[PDB]
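J.: Quick one: the structure is below, questions incoming.
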Amino acid sequence: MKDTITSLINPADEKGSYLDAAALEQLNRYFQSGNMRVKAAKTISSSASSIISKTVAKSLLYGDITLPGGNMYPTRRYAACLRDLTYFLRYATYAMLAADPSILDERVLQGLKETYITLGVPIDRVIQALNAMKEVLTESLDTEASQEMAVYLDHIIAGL
Amino acid sequence: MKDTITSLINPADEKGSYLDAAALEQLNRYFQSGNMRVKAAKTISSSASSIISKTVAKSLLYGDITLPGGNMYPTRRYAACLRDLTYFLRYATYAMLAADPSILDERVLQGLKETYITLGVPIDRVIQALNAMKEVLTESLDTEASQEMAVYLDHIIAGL
Amino acid sequence: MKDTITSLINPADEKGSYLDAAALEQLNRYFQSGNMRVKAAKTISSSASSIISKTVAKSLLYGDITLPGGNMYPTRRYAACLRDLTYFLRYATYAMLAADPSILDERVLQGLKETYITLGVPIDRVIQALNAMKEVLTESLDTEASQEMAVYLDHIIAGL
Amino acid sequence: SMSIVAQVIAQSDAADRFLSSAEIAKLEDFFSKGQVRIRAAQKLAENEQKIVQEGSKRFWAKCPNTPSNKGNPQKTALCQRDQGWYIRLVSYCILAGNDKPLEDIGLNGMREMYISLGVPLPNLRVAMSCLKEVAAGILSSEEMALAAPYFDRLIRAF
Amino acid sequence: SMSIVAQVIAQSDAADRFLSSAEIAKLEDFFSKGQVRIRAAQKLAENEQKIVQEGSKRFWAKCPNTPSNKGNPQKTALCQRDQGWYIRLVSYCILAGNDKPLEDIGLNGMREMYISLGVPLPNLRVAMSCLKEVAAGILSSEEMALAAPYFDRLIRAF
Amino acid sequence: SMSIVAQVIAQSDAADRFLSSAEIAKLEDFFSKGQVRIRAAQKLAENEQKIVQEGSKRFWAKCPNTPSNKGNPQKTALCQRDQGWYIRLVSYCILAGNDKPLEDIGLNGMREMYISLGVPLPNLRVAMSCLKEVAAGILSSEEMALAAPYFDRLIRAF
Ligand SMILES: *[C@H](C)[C@H]1/C(=C/c2[nH]c(/C=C3N=C(/C=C4\NC(=O)C(CC)=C4C)C(C)=C\3CCC(=O)O)c(CCC(=O)O)c2C)NC(=O)[C@@H]1C
Ligand SMILES: *[C@H](C)[C@H]1/C(=C/c2[nH]c(/C=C3N=C(/C=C4\NC(=O)C(CC)=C4C)C(C)=C\3CCC(=O)O)c(CCC(=O)O)c2C)NC(=O)[C@@H]1C
Ligand SMILES: *[C@H](C)[C@H]1/C(=C/c2[nH]c(/C=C3N=C(/C=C4\NC(=O)C(CC)=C4C)C(C)=C\3CCC(=O)O)c(CCC(=O)O)c2C)NC(=O)[C@@H]1C
Ligand SMILES: *[C@H](C)[C@H]1/C(=C/c2[nH]c(/C=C3N=C(/C=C4\NC(=O)C(CC)=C4C)C(C)=C\3CCC(=O)O)c(CCC(=O)O)c2C)NC(=O)[C@@H]1C
Ligand SMILES: *[C@H](C)[C@H]1/C(=C/c2[nH]c(/C=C3N=C(/C=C4\NC(=O)C(CC)=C4C)C(C)=C\3CCC(=O)O)c(CCC(=O)O)c2C)NC(=O)[C@@H]1C
Ligand SMILES: *[C@H](C)[C@H]1/C(=C/c2[nH]c(/C=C3N=C(/C=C4\NC(=O)C(CC)=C4C)C(C)=C\3CCC(=O)O)c(CCC(=O)O)c2C)NC(=O)[C@@H]1C
Ligand SMILES: [Cl-]
Ligand SMILES: [Cl-]
Ligand SMILES: [Cl-]
């Protein structure tokens, strides 16, 4: 994990110089992203269970994946899917608040594809649930907050 | 650690014999090294910070190693170098007073080269600072005291 | 430690039955061992230092093991051997009085062989001293008392 | 460390020393009359049931207000069971040379069990007194000299 | 985990939970005045040298017994270098929202380095106090309201 | 850490510091008379046997009730052996500058060994006293000023 502020302050410290105008400019527009990223992180942190419930209720439920033979049967596999989607939402919120997808790569998307292929987890259904998570977040967040969460959920989708 | 007196008394005890004339002779010339080794250890123990300050001020300072990107930047790396040189001076003084470099091998020179290569510490600069430490000790100790400290600092240099 | 009386009373209590005729019969012949085991334990408890002194004086002394390089040199190693033989005599007397070698296994013969191999203690000399301890006990105890102490010292010898 | 020999060895081992003369004196008095101990335990095993019914009769004469004397035979059978169990625990103490089979098995937590069961404690007073008197009539003069400390110990716990 | 956002995310990730209201409160106070932070860091970068010589003059007035005031210009240049370096470390903390660029780069092992160099610590007391006073005259009332915790933190480490 | 120099270095190394003035004072007093130490150890080695028989004669005069004075020559030879061994351990302490060759080799577990062997401790009292008196007659005034703490230490352990 490196966020946007550290990824600019650290090379200036290795150089021993101040933040030059390009890096301080790209930091400035991060600082006026700012309050909306914190507002989106506040909205997600209070209503995370509701977001995951709506994500499952429109992409995974009422089909054959929760019936016997499916990969969300029995309750243990449902609970595993539910905490997986909670991991995806929490680390996408971390990467959105940091404005940097590095925490998505060294905590989430590392061996995950091989884990799901070994386990038999349907990766297309996971990607479809993440696509529904974006639509759930679009109806609950603000406009550009939903777009940034969409970027950081597409990073998980492209890694999967 | 085994010093000169124990390294002669112990094999005589395993044999159960007295100190024979060769070992008692080589102990005798250690005993008239003696007062000068204690005089050098007294001079070093009072002025150790001054010796380390002069060692850094003529081999490491006023260059690019203390500037950003150097390995004596920032202050934490400077402090680490300073306590390293204090370790080298203290264990060379111990090995000089003992007339035996065994305390330099089981306390100092064991994994140190691999530690410095892993850490990125410039070993040539360490060797050059130890060479300057010998010149600092030459101007502050007596004549053969400086030569014996030079031997016990060359043991660290050859181990590095 | 379980002795002969407890090793019969305890399974009768787990069964909830009386001591049946086989166990009560083997307890009866222990009860007429009895007074001789107590007589041997009285003889050993008063003259234990004399027994250990005679054991060392006919198996370990007047040789190279007490000379420098031996394992009964210096006085610290002699004292350690002496308290080891006192342990062996005391726990063999306990196991004789109990008529059960279980106190020899969970107090004496557990890691002892590995302890002696790590320490460099000559186990053959220990076994030879225990063989001399049997001869010392033969000349000081009664006839079958010496035989039972021989059994309980052979248990230490076989464990070593 | 239930038997007297194991307790003697455990006291001597804890103090890192050999067997003191008090412990030799205790094991002398245990092993001198150890033929009587085998004979007494064998006799108490041999006619347990004779003792139990002959003591139950004297106990129901001396105390008719028992849970045993209430008609139903199954509390009566549990009382006969307990009388035989306590005779067995007395025989274990005769063999062990100390009352530690009676304390560890019989008397530890006995009062809480009997007060919860509803068995009165003077009823058990007189039941084990009658059981002692019958077993005194059974054993001998001198086998009973071994058993009577343990029967007294059992009686005194009620 | 140098910046405040990364520390907030590291504290929330270690506890396997989302962002608590204390951490939202901390990031609210960091991002509300983040235009002032950019402006203050740009201003401290823009006239570093003006601050450094104007503070060096006041420091040599208030303390003439320095290694800088000993004639040779190269210790003086190293002192001016250190004043500029510590202003840069203050600007990093204004941007990061915490004094962790000042602790990790500037104050970790600083005392051992300066005692070995022979630079006195009351001299650095008064040097960073004069540097704070000049930068207070430079920045604003409210950009200095950001910088003054970090200048105080730097001053208090001597 | 048998010699005094190794103990001084081990005390200074454990405290992560250089050599304090007490330790320089101890090594000053050890190395100033180190020619006398070589001379005394060489003299004690050179006429060990003269000391041992001349002290054995005085010891058998002052104590005739020894295991040595019982006719058989082999206990006598073991006593002469022990006298020479303890003179060797005194010479090691003269060289080492401390009584740690005498404690680690000679006095650790010595009492248990001699009580088991049957050698009386007042006999060893007077044997090492006579050995000290003979070696005082042999060495010098001032080489014996080195040896007499270690001979006293040996004597006091009986
Ligand atoms: C729901 C989206 C789909 C699904 C999910 C499912 N996943 C698993 C088991 C595992 N899930 C992970 C993923 C992670 N662990 C982490 O620490 C992180 C990052 C923070 C991630 C992303 C792993 C490693 C496993 C294997 C180990 C484990 O089970 O804990 C399961 C269980 C598989 C099983 O056989 O029980 C399931 C069911 N499956 C679907 O069908 C949904 C579409
Ligand atoms: C100064 C001479 C040069 C230099 C030094 C430097 N060393 C380190 C870090 C370490 N130094 C040691 C050495 C020892 N530890 C001991 O206990 C002993 C014997 C008593 C010795 C000799 C070790 C083990 C480390 C690693 C663990 C630690 O940091 O404490 C550093 C720090 C490296 C870092 O990344 O912080 C430095 C800077 N480097 C130079 O450029 C000088 C030439
Ligand atoms: C004499 C028979 C031989 C001999 C003995 C010797 N033993 C040791 C050291 C140890 N002895 C033991 C044994 C026990 N400790 C217990 O508590 C018990 C049971 C009650 C036993 C049997 C152990 C554990 C040790 C190691 C720890 C310690 O020293 O206390 C030594 C000392 C070895 C040393 O290096 O000092 C010796 C000399 N050696 C011989 O040559 C005799 C034949
Ligand atoms: C008869 C002498 C007296 C008495 C007896 C009575 N006992 C019970 C019921 C139980 N008694 C026990 C006894 C023991 N458990 C132990 O571990 C030991 C020591 C080894 C003893 C003596 C237990 C466990 C019970 C519970 C029933 C069961 O065993 O499953 C009863 C029945 C009481 C009830 O409510 O059922 C009675 C009546 N009654 C008398 O009148 C005499 C004084
Ligand atoms: C001026 C305000 C004060 C003072 C300064 C002075 N400094 C030095 C020499 C050095 N200063 C440093 C400083 C740092 N290294 C770091 O990593 C950091 C934090 C980022 C700092 C601040 C270093 C490494 C040196 C060594 C020389 C070099 O850089 O190569 C000196 C010279 C001392 C000497 O012996 O040469 C001086 C005089 N002097 C004052 O009077 C003011 C109080
Ligand atoms: C003579 C001064 C006194 C005395 C001596 C005597 N000694 C022994 C037997 C032994 N003595 C030792 C001694 C040591 N072992 C050590 O490690 C050290 C220190 C380095 C010493 C001094 C030992 C091991 C023995 C055992 C025999 C052997 O070496 O193999 C005896 C014999 C006793 C016996 O029972 O055999 C005697 C008589 N006797 C005197 O009268 C003087 C007081
Ligand atoms: Cl789970
Ligand atoms: Cl350090
Ligand atoms: Cl011991």
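Naming scheme: A, B, ... for chains in displayed order of the structure tokens; residues 1 onward per chain; ligands 1 onward as shown.
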Give me the residues within 8 Å of region 92-105 of chain E as a ChimeraX atom specification, counting only C-alpha atoms and dropping any in the same chain fewer than 2 places off.

T.: /A:5-6,9,18 /B:74-76 /E:2-4,30,37-38,40-41,88-90,107-108,146-147,150,153-154

J.: Restricting the output to C-alpha atoms, write the selected residues as a short mmCIF file (atom, residue, chain, number, x, y, z; two decimals), in the first residue's frame.

T.:
data_model
loop_
_atom_site.label_atom_id
_atom_site.label_comp_id
_atom_site.auth_asym_id
_atom_site.auth_seq_id
_atom_site.Cartn_x
_atom_site.Cartn_y
_atom_site.Cartn_z
CA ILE A 5 0.15 11.65 -0.71
CA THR A 6 2.94 9.22 0.18
CA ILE A 9 6.12 12.94 -0.66
CA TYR A 18 10.27 20.04 -2.36
CA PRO B 74 18.41 10.86 7.00
CA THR B 75 19.38 11.36 10.67
CA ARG B 76 18.37 7.79 11.55
CA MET E 2 3.39 8.35 6.21
CA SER E 3 0.33 10.42 5.27
CA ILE E 4 -2.78 10.71 7.42
CA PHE E 30 -7.61 17.18 6.90
CA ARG E 37 -2.08 23.05 2.68
CA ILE E 38 -1.18 23.26 -1.02
CA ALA E 40 1.33 26.79 2.39
CA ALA E 41 3.65 24.14 0.93
CA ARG E 88 11.22 21.20 3.58
CA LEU E 89 10.36 18.63 6.26
CA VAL E 90 7.78 21.04 7.69
CA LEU E 107 14.07 13.82 14.41
CA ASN E 108 14.90 10.08 14.50
CA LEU E 146 -1.18 24.67 9.87
CA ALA E 147 2.62 25.03 10.02
CA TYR E 150 5.03 21.20 13.00
CA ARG E 153 7.22 19.88 17.10
CA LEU E 154 10.58 20.61 15.47
#

J.: What are the residues of chain C that have an atom within 7 Å of an atom of chain D, counting only C-alpha atoms, as a compact mmCIF listing (two decimals) with C-alpha atoms, in the first residue's frame?

T.:
# COMPACT_ATOMS: atom_id res chain seq x y z
CA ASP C 3 3.15 -48.62 43.89
CA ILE C 5 -1.00 -51.45 46.65
CA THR C 6 -2.38 -48.54 44.61
CA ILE C 9 -6.77 -50.86 44.71
CA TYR C 18 -13.48 -55.80 45.71
CA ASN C 28 -0.54 -60.91 49.83
CA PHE C 31 2.71 -58.05 52.19
CA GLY C 34 7.05 -56.56 53.59
CA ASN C 35 9.19 -56.39 56.70
CA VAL C 38 11.42 -52.09 55.24
CA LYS C 42 16.18 -48.86 57.01
CA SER C 45 18.67 -44.92 54.72
CA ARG C 90 17.57 -43.37 46.65
CA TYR C 94 11.98 -46.12 46.65
CA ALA C 98 7.15 -49.80 46.46

J.: Give as an MDAnalysis selection string every residue of chain C that touches chain B within 10 Å, counting only C-alpha atoms.

T.: chainID C and resid 67:70 73:74

J.: Output C-alpha atoms for every residue in that selection, as a PDB file, in the first residue's frame.

T.:
ATOM      1  CA  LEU C  67      42.768 -37.363  36.836  1.00  0.00           C
ATOM      2  CA  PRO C  68      42.724 -34.277  34.530  1.00  0.00           C
ATOM      3  CA  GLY C  69      40.904 -34.994  31.315  1.00  0.00           C
ATOM      4  CA  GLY C  70      38.648 -37.448  33.101  1.00  0.00           C
ATOM      5  CA  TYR C  73      37.800 -34.087  37.314  1.00  0.00           C
ATOM      6  CA  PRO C  74      37.645 -31.428  38.789  1.00  0.00           C
TER       7      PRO C  74
END

J.: Let's see if you can do this: from backbone DSSP, list all helix (DSSP H, G or I) residues in region 76-159 of chain C, as an mmCIF file with N, CA and C atoms, in the first residue's frame.

T.:
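File written: selection10.cif
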data_model
loop_
_atom_site.group_PDB
_atom_site.id
_atom_site.type_symbol
_atom_site.label_atom_id
_atom_site.label_comp_id
_atom_site.auth_asym_id
_atom_site.auth_seq_id
_atom_site.Cartn_x
_atom_site.Cartn_y
_atom_site.Cartn_z
ATOM 1 N N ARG C 76 34.036 -30.454 41.042
ATOM 2 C CA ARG C 76 32.642 -30.216 40.692
ATOM 3 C C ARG C 76 32.044 -31.415 39.973
ATOM 4 N N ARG C 77 32.822 -32.022 39.079
ATOM 5 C CA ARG C 77 32.379 -33.212 38.370
ATOM 6 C C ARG C 77 32.334 -34.437 39.273
ATOM 7 N N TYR C 78 33.271 -34.550 40.219
ATOM 8 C CA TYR C 78 33.200 -35.579 41.252
ATOM 9 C C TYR C 78 31.944 -35.440 42.100
ATOM 10 N N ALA C 79 31.620 -34.220 42.528
ATOM 11 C CA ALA C 79 30.432 -33.986 43.335
ATOM 12 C C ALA C 79 29.159 -34.278 42.564
ATOM 13 N N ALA C 80 29.144 -33.962 41.268
ATOM 14 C CA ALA C 80 28.007 -34.284 40.417
ATOM 15 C C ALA C 80 27.813 -35.786 40.275
ATOM 16 N N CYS C 81 28.904 -36.538 40.086
ATOM 17 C CA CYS C 81 28.833 -37.999 40.036
ATOM 18 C C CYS C 81 28.348 -38.589 41.348
ATOM 19 N N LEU C 82 28.806 -38.021 42.454
ATOM 20 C CA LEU C 82 28.432 -38.498 43.774
ATOM 21 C C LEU C 82 26.950 -38.278 44.053
ATOM 22 N N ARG C 83 26.416 -37.114 43.682
ATOM 23 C CA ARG C 83 24.984 -36.925 43.886
ATOM 24 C C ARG C 83 24.148 -37.684 42.860
ATOM 25 N N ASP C 84 24.697 -37.985 41.677
ATOM 26 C CA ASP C 84 24.017 -38.876 40.737
ATOM 27 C C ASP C 84 23.861 -40.279 41.296
ATOM 28 N N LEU C 85 24.928 -40.815 41.878
ATOM 29 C CA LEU C 85 24.862 -42.149 42.459
ATOM 30 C C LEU C 85 23.957 -42.173 43.681
ATOM 31 N N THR C 86 23.911 -41.070 44.426
ATOM 32 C CA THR C 86 22.961 -40.961 45.522
ATOM 33 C C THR C 86 21.513 -40.918 45.034
ATOM 34 N N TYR C 87 21.247 -40.244 43.904
ATOM 35 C CA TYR C 87 19.936 -40.303 43.254
ATOM 36 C C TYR C 87 19.571 -41.724 42.863
ATOM 37 N N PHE C 88 20.519 -42.443 42.261
ATOM 38 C CA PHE C 88 20.269 -43.809 41.805
ATOM 39 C C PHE C 88 19.952 -44.731 42.970
ATOM 40 N N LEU C 89 20.721 -44.624 44.056
ATOM 41 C CA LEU C 89 20.466 -45.426 45.249
ATOM 42 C C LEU C 89 19.134 -45.073 45.908
ATOM 43 N N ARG C 90 18.802 -43.780 45.996
ATOM 44 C CA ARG C 90 17.565 -43.369 46.653
ATOM 45 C C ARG C 90 16.335 -43.771 45.851
ATOM 46 N N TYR C 91 16.373 -43.613 44.537
ATOM 47 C CA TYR C 91 15.217 -43.996 43.753
ATOM 48 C C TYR C 91 15.110 -45.493 43.550
ATOM 49 N N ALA C 92 16.222 -46.235 43.560
ATOM 50 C CA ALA C 92 16.132 -47.684 43.619
ATOM 51 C C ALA C 92 15.578 -48.173 44.947
ATOM 52 N N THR C 93 15.904 -47.511 46.061
ATOM 53 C CA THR C 93 15.307 -47.860 47.346
ATOM 54 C C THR C 93 13.816 -47.550 47.386
ATOM 55 N N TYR C 94 13.400 -46.433 46.781
ATOM 56 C CA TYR C 94 11.978 -46.119 46.648
ATOM 57 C C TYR C 94 11.254 -47.160 45.813
ATOM 58 N N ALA C 95 11.846 -47.561 44.687
ATOM 59 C CA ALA C 95 11.215 -48.538 43.812
ATOM 60 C C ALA C 95 11.231 -49.934 44.407
ATOM 61 N N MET C 96 12.188 -50.224 45.284
ATOM 62 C CA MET C 96 12.214 -51.494 45.992
ATOM 63 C C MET C 96 11.157 -51.537 47.078
ATOM 64 N N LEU C 97 11.009 -50.440 47.816
ATOM 65 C CA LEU C 97 10.024 -50.385 48.886
ATOM 66 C C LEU C 97 8.608 -50.394 48.331
ATOM 67 N N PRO C 101 8.875 -50.417 39.531
ATOM 68 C CA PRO C 101 9.884 -49.554 38.908
ATOM 69 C C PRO C 101 9.337 -48.321 38.208
ATOM 70 N N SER C 102 8.101 -47.913 38.504
ATOM 71 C CA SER C 102 7.532 -46.743 37.840
ATOM 72 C C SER C 102 8.169 -45.443 38.305
ATOM 73 N N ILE C 103 8.615 -45.373 39.562
ATOM 74 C CA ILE C 103 9.302 -44.176 40.047
ATOM 75 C C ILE C 103 10.707 -44.049 39.477
ATOM 76 N N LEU C 104 11.253 -45.118 38.901
ATOM 77 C CA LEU C 104 12.536 -45.090 38.220
ATOM 78 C C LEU C 104 12.425 -44.559 36.805
ATOM 79 N N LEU C 112 17.768 -39.225 30.460
ATOM 80 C CA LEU C 112 19.044 -39.374 31.152
ATOM 81 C C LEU C 112 20.144 -39.828 30.208
ATOM 82 N N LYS C 113 19.814 -40.753 29.303
ATOM 83 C CA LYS C 113 20.772 -41.236 28.317
ATOM 84 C C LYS C 113 21.195 -40.121 27.373
ATOM 85 N N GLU C 114 20.232 -39.309 26.933
ATOM 86 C CA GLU C 114 20.542 -38.173 26.075
ATOM 87 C C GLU C 114 21.307 -37.093 26.828
ATOM 88 N N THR C 115 20.997 -36.908 28.119
ATOM 89 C CA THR C 115 21.738 -35.980 28.976
ATOM 90 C C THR C 115 23.199 -36.386 29.091
ATOM 91 N N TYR C 116 23.446 -37.677 29.299
ATOM 92 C CA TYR C 116 24.806 -38.164 29.465
ATOM 93 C C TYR C 116 25.577 -38.152 28.148
ATOM 94 N N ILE C 117 24.896 -38.422 27.031
ATOM 95 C CA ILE C 117 25.552 -38.375 25.724
ATOM 96 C C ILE C 117 25.890 -36.939 25.333
ATOM 97 N N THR C 118 24.995 -35.992 25.628
ATOM 98 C CA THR C 118 25.280 -34.583 25.382
ATOM 99 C C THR C 118 26.399 -34.073 26.281
ATOM 100 N N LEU C 119 26.398 -34.490 27.544
ATOM 101 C CA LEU C 119 27.366 -33.993 28.512
ATOM 102 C C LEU C 119 28.730 -34.629 28.335
ATOM 103 N N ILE C 123 28.761 -43.497 29.926
ATOM 104 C CA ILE C 123 27.631 -44.305 30.381
ATOM 105 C C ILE C 123 28.085 -45.705 30.783
ATOM 106 N N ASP C 124 29.145 -46.219 30.153
ATOM 107 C CA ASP C 124 29.684 -47.523 30.532
ATOM 108 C C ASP C 124 30.288 -47.496 31.929
ATOM 109 N N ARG C 125 30.918 -46.378 32.302
ATOM 110 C CA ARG C 125 31.446 -46.217 33.652
ATOM 111 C C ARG C 125 30.328 -46.070 34.678
ATOM 112 N N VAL C 126 29.229 -45.406 34.304
ATOM 113 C CA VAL C 126 28.046 -45.308 35.163
ATOM 114 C C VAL C 126 27.437 -46.686 35.401
ATOM 115 N N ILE C 127 27.337 -47.487 34.339
ATOM 116 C CA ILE C 127 26.803 -48.846 34.429
ATOM 117 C C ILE C 127 27.718 -49.734 35.267
ATOM 118 N N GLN C 128 29.030 -49.533 35.147
ATOM 119 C CA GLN C 128 29.994 -50.291 35.938
ATOM 120 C C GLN C 128 29.957 -49.887 37.413
ATOM 121 N N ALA C 129 29.711 -48.604 37.697
ATOM 122 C CA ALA C 129 29.503 -48.158 39.076
ATOM 123 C C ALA C 129 28.199 -48.688 39.662
ATOM 124 N N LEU C 130 27.144 -48.791 38.858
ATOM 125 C CA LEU C 130 25.899 -49.398 39.333
ATOM 126 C C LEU C 130 26.055 -50.900 39.576
ATOM 127 N N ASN C 131 26.857 -51.573 38.744
ATOM 128 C CA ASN C 131 27.213 -52.970 38.988
ATOM 129 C C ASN C 131 28.004 -53.140 40.278
ATOM 130 N N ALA C 132 28.897 -52.202 40.589
ATOM 131 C CA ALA C 132 29.586 -52.243 41.875
ATOM 132 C C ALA C 132 28.677 -51.884 43.043
ATOM 133 N N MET C 133 27.676 -51.033 42.808
ATOM 134 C CA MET C 133 26.688 -50.704 43.832
ATOM 135 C C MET C 133 25.891 -51.929 44.232
ATOM 136 N N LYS C 134 25.579 -52.783 43.254
ATOM 137 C CA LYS C 134 24.920 -54.055 43.549
ATOM 138 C C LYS C 134 25.784 -54.955 44.430
ATOM 139 N N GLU C 135 27.094 -54.995 44.182
ATOM 140 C CA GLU C 135 27.989 -55.809 45.000
ATOM 141 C C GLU C 135 28.165 -55.229 46.399
ATOM 142 N N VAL C 136 28.169 -53.900 46.511
ATOM 143 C CA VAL C 136 28.211 -53.237 47.813
ATOM 144 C C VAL C 136 26.944 -53.531 48.605
ATOM 145 N N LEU C 137 25.783 -53.462 47.954
ATOM 146 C CA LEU C 137 24.511 -53.772 48.589
ATOM 147 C C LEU C 137 24.364 -55.243 48.932
ATOM 148 N N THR C 138 25.004 -56.132 48.177
ATOM 149 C CA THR C 138 24.991 -57.556 48.484
ATOM 150 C C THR C 138 25.714 -57.864 49.788
ATOM 151 N N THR C 143 19.803 -61.384 51.897
ATOM 152 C CA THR C 143 19.995 -62.119 50.653
ATOM 153 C C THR C 143 19.005 -61.739 49.562
ATOM 154 N N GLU C 144 17.704 -61.824 49.825
ATOM 155 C CA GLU C 144 16.725 -61.508 48.795
ATOM 156 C C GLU C 144 16.504 -59.995 48.680
ATOM 157 N N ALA C 145 16.844 -59.241 49.735
ATOM 158 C CA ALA C 145 16.848 -57.779 49.679
ATOM 159 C C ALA C 145 17.864 -57.260 48.680
ATOM 160 N N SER C 146 19.049 -57.869 48.668
ATOM 161 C CA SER C 146 20.066 -57.549 47.680
ATOM 162 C C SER C 146 19.602 -57.891 46.278
ATOM 163 N N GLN C 147 18.855 -58.985 46.127
ATOM 164 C CA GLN C 147 18.362 -59.393 44.818
ATOM 165 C C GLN C 147 17.305 -58.432 44.294
ATOM 166 N N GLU C 148 16.444 -57.927 45.178
ATOM 167 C CA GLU C 148 15.438 -56.968 44.736
ATOM 168 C C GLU C 148 16.050 -55.603 44.433
ATOM 169 N N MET C 149 17.036 -55.170 45.230
ATOM 170 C CA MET C 149 17.788 -53.970 44.867
ATOM 171 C C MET C 149 18.581 -54.159 43.582
ATOM 172 N N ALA C 150 19.046 -55.381 43.313
ATOM 173 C CA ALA C 150 19.706 -55.676 42.050
ATOM 174 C C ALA C 150 18.758 -55.548 40.875
ATOM 175 N N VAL C 151 17.513 -56.005 41.033
ATOM 176 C CA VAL C 151 16.491 -55.850 39.993
ATOM 177 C C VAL C 151 16.220 -54.376 39.719
ATOM 178 N N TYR C 152 16.109 -53.593 40.781
ATOM 179 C CA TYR C 152 15.729 -52.201 40.586
ATOM 180 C C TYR C 152 16.921 -51.338 40.201
ATOM 181 N N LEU C 153 18.141 -51.850 40.358
ATOM 182 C CA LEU C 153 19.300 -51.161 39.805
ATOM 183 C C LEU C 153 19.573 -51.589 38.366
ATOM 184 N N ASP C 154 19.285 -52.854 38.018
ATOM 185 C CA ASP C 154 19.294 -53.296 36.626
ATOM 186 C C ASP C 154 18.279 -52.574 35.772
ATOM 187 N N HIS C 155 17.156 -52.145 36.348
ATOM 188 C CA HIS C 155 16.217 -51.320 35.590
ATOM 189 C C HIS C 155 16.834 -49.978 35.195
ATOM 190 N N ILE C 156 17.625 -49.373 36.081
ATOM 191 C CA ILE C 156 18.351 -48.152 35.740
ATOM 192 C C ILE C 156 19.442 -48.438 34.715
ATOM 193 N N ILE C 157 20.128 -49.576 34.868
ATOM 194 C CA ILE C 157 21.200 -49.971 33.950
ATOM 195 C C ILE C 157 20.650 -50.220 32.547
ATOM 196 N N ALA C 158 19.512 -50.911 32.455
ATOM 197 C CA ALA C 158 18.882 -51.175 31.168
ATOM 198 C C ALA C 158 18.293 -49.911 30.568
ATOM 199 N N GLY C 159 17.862 -48.969 31.407
ATOM 200 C CA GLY C 159 17.440 -47.689 30.876
ATOM 201 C C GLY C 159 18.569 -46.789 30.432
#

J.: Between CA of residue 55 (chain E) and CA of residue 130 (chain E), measure the distance and give it in Å to one decimal.

T.: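 Atom-to-atom, CA of residue 55 (chain E) to CA of residue 130 (chain E), that is 5.3 Å.
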
J.: Could you give me, as a list in words, every polymer residue with an atom at most 6 Å away from an atom of ligand 4, counting only C-alpha atoms and all ligand atoms?

T.: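 Based on only C-alpha atoms and all ligand atoms, ligand 4 is surrounded within 6 Å by residues 66, 67, 68, 75, 78, 79, 80, 82, 83, 85, 105, 106, 117, 119, 123, 124 and 127 of chain D.
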
J.: Find the distance between CA of residue 61 (chain E) and CA of residue 81 (chain E) and write it in Å to one decimal.

T.: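 Value for the CA of residue 61 (chain E)-CA of residue 81 (chain E) distance: 19.0 Å.
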
J.: Could you check how far CA of residue 110 (chain F) sits from CA of residue 65 (chain F), in Å to one decimal?

T.: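 Between CA of residue 110 (chain F) and CA of residue 65 (chain F) the gap works out to 20.9 Å.
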
J.: So which one's closest to ligand 3, C:53, C:7, C:33, C:66? Using only C-alpha atoms and all ligand atoms, please.

T.: C:66
